[PDB]
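Novice: What follows is a single structure, and I will ask about it in a moment.
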Amino acid sequence: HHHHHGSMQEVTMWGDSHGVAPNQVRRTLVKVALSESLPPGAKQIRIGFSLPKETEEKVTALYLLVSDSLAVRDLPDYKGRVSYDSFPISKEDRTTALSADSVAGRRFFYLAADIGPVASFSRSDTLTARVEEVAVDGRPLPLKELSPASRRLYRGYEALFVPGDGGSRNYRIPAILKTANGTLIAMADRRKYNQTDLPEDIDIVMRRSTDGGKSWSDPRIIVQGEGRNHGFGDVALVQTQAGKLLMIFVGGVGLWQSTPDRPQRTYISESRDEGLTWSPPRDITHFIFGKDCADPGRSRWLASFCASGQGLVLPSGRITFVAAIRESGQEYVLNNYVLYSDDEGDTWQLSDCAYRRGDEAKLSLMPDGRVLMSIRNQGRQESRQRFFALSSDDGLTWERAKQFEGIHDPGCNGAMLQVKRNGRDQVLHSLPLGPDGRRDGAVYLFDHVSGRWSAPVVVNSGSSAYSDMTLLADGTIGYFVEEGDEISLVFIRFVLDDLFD
């Protein structure tokens, strides 16, 4: 019901549940939106709030931020693209007021905090606050609460690619690599004009860290899209046994538009200096499929792409990525084959078929030397579970491995890590929890000996999609995930006990 005796200002508020890390500045705890500007006759807005002792103990300062923009992420994540004023509050106070002139017509208010240096990082190590009152010239307004605040502390948490960064509207498709020397390489689709895939015009962008993810270089475009049907994306990364970094990606038309005579092409580029410089992209499509393929039985295949994220370099030195290949123009179906090189990338071959009606697939090395492959469930097949397969000949031949099944896949890319926990060999697997949607990015542990999956632990609640993972030299896990409906690519660091103990 809407009344007809004047204008009705409405107040909406959201508690924040993005992760945080020690020493971060101006982290949003609660956002408040007015439905309209303060009336011209207004003089002051007062905001009262609650903040428990445990959160107060973990912050060094509080602020009221005021912006003309209603932003999804912490305001410094937009690097000045969101303009805001910052009004300090003693961390002991529970109310604050601003003149209407200071507010200057703006509608969006952020209760924010500087995070202190300490944390235990346990599941219970979370920050919260609540806005309790919003009053204009002493008159309280009814508050519409849409979410509670709960920000979990992680050993590291940083949005590496945020919509607008560098002038790119959007970002998707995370890939992370740790080199033998400890360098971290983070790549992404720089989705410059919107969030859609090829044949849209897309670049590949990179950031590097030489201090374990504490700080990151300015983003660099390393492969520039040149127009619709001429973009590049879907990066996967390895480091070869010789030490060179190898990135594989696709470019051109979209997957379902690719044909044998006009393919969406697969390229590789290498770095011999920890990701500083990269070789001009080399087209390797002819090793895989299409009119230039020397295997006549693959010359009529239509499309191929390797799963974004990471490949796998075997102890022998064989370099592997799983391709998802379209063999027929009649159907929207893909089959998986391992794309591999035994000569440091000079030439490439295909395994026997690893999975029928597959999709983006990933490899990891079992403790006994076998290769485990994890296949995305496309089209809600069977019981909507993640699919698995095993190879005992270093990836040449495959058999379905139903014993690894037991986790739901809403239909999304994810990653695995082989880990040892309390003396047991286990596989960590990242996926959205769903169910049946891109929501709540989670990790699970599979115990090799019992054949049982753990309960999931949600790393990032809310909208969540592709994830990649790497082991850092000191045993911490780096988790690189698509957060939000308008995606930011976020790098989170934790140890397993932080999530499962």
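So you can find residues: chains in the structure tokens are A, B, ... in the order shown, residues in each start at 1, and ligands are numbered from 1 in order.
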Quick one: everything within 8 Å of residue 270 in chain A, counting only C-alpha atoms, minus sequence neighbours fewer than 2 positions away in the same chain. Send it as a PyMOL selection string.

Specialist: chain A and resi 244-247+268+272+278-279

Novice: Select from range 32-274 of chain A everything DSSP, run on the backbone, classes as strand (DSSP E), then give the selection as a PyMOL selection string.

Specialist: chain A and resi 32-34+44-50+59-67+84-89+95-99+108-115+126-127+130-136+139-140+143-147+151-152+156-161+170-178+184-191+203-209+220-223+232-239+245-251+265-271

Novice: Using only C-alpha atoms, which protein or nucleic acid residues come within 8 Å of residue 202 in chain A? Drop anything in the same chain fewer than 3 positions from it, and give the result as an NGL selection string.

Specialist: :A and (189-192 or 197-198 or 224-225 or 227 or 231-233)

Novice: Determine, counting only C-alpha atoms, which protein, DNA and RNA residues have an atom within 9 Å of an atom of residue 28 in chain A; residues of the same chain fewer than 6 positions away are not included. Present the result as a list in words.

Specialist: residues 15, 16, 18, 65, 73, 74, 75, 110, 111, 112 and 113 of chain A

Novice: Running DSSP on the backbone, which parts of range 20-210 of chain A land in alpha helix (DSSP H), as number ranges by chain?

Specialist: A: 53-56, 100-103

Novice: Please produce an output containing N, CA and C atoms for each residue in the selection, written as a CSV table (one decimal), in the first residue's frame.

Specialist:
```csv
chain,number,residue,atom,x,y,z
A,53,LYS,N,31.8,-6.7,21.3
A,53,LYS,CA,33.1,-6.5,21.8
A,53,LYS,C,34.2,-7.3,21.0
A,54,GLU,N,33.8,-8.5,20.6
A,54,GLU,CA,34.8,-9.3,19.8
A,54,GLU,C,35.2,-8.6,18.5
A,55,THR,N,34.2,-8.0,17.8
A,55,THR,CA,34.6,-7.2,16.6
A,55,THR,C,35.3,-5.9,17.0
A,56,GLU,N,34.9,-5.2,18.1
A,56,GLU,CA,35.6,-4.0,18.4
A,56,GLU,C,37.0,-4.3,18.8
A,100,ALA,N,23.3,17.7,6.8
A,100,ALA,CA,22.8,17.4,5.5
A,100,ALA,C,23.7,18.1,4.4
A,101,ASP,N,24.4,19.1,4.8
A,101,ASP,CA,25.3,19.8,3.8
A,101,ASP,C,26.6,18.9,3.6
A,102,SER,N,27.1,18.3,4.6
A,102,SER,CA,28.2,17.3,4.4
A,102,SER,C,27.8,16.2,3.5
A,103,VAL,N,26.5,15.7,3.7
A,103,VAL,CA,26.0,14.6,2.9
A,103,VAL,C,25.9,15.0,1.5
```
